[PDB]
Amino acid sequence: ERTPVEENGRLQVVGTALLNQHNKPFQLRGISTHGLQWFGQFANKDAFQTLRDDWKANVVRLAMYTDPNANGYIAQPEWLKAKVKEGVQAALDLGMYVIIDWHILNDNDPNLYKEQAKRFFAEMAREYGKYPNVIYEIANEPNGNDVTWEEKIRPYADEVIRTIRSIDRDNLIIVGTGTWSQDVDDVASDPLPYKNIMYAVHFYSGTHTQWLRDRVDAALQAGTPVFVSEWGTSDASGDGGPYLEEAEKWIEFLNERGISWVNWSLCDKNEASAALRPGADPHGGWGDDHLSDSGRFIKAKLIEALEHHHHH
C-alpha cells in the first residue's frame, strides 16, 4: 500500500533503461485518456484511484489534443489547461506518475504550434517540476512524408527540451518519432544530448505485428531508449477487432525488455480500443461487465505484470 511514487521517486534514464531513484529497474504501465476535449470527464481522482488500486496501473496519460480543428488546446487553451491540471493534481494526490501529452495528430508537424507548446510546457514545468510524478510528452505523433527526425522532429525537440530543462532539470521527457511514432530507427543517427529523454513508439495490434517489434529490438541494441506512450488493441483507426492475440505478443515482448507501456484509451467511445462500455461511470469502480473486451485485457495485463514483479 506504498504508492508507486512513494516506492520509486525520481526516475532516471541510463542508456535504454528506466531506473527508479534507488537504482532499481522500473517499468511504467498504465492507460491514457482519449482526447480531453471529448472524453475529459474520465480524467479525475476517483477514476484514477480505481486505476491505481484495482487495475494496478502506476501511470496515467493526459491526452491534450492541440489541433484547433479538433477543438484542442489552440482553440480552448483555458478549459484544456484546467483539465490537465485536474488530471495532474489527481495523480499527485494518489502517488501516480502522470504524462502530460501535447497530443499533435492532424497538426502533423510539431513545429506548427511550437511556441504555444513552449509556453504550455514552461508553465507546467514551473508548476509541477518539483514533483517526481510528472513526465512531459512533447509531440504525440509526428507524421507526414516531410516530417522526419533530422528535418523537423529533432529541431523541434531540441528547442522544447531546452525550454523545459531551463526550469525542470530532471523529469522525464518523451519525444515522438516519425510516421505516427514508428520511426524510432532514425533516432540513432542523431540522438538528443540531454538527460532523461526517451523516444516514443506507438503500435496498434490490428496493424503492427512482429516487424515493428524487430525495429524496436534493433533500436534498443543501438542504445535508443524506447517508451510505448500509446498503444491499442484495435487497428490504427482506434476501431476493429480487438486483436488480443497480437496484443499479447506485444505485452510479453515489452515486459521481457522492461519497456514502459500505456494503453489507449480510458473512455467509453463505441470503438474496439476503448476500455469502457458506453455509459460507464466517470468515477471508476467499474465491474467487469462495464469493461469492453479491450478493457478486460488491459486490466488483466496490469494485474499480471504486478504479480510477475512481486514474485520474479
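From 1 onward, residues are counted along the sequence shown.
- Between the stretches 73-81 and 109-117, it is 73-81 that shows the larger average CA temperature factor.
- According to the PDB record, 185-193 carries the higher mean C-alpha B-factor of the two stretches 185-193 and 137-145.
- Going by the entry's values, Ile167 shows the largest Cα B-factor out of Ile100, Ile174, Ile167, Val201.
- The PDB entry gives the largest Cα B-factor of the residues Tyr65, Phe48, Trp286, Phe39 to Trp286.
- Sort the chain's modelled residues by C-alpha temperature factor and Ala280 lands in the highest third, per the entry.
- Per the PDB record, residue ranking by Cα B-factor puts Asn58 in the lowest third of the chain.
- Annotation for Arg126: CA B-factor lies in the middle third of the chain's modelled residues.
- Ranked within its chain, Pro155 lands in the middle third, by CA B factor from the PDB record.
- Sort the modelled residues of the chain by CA B factor and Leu220 lands in the middle third.
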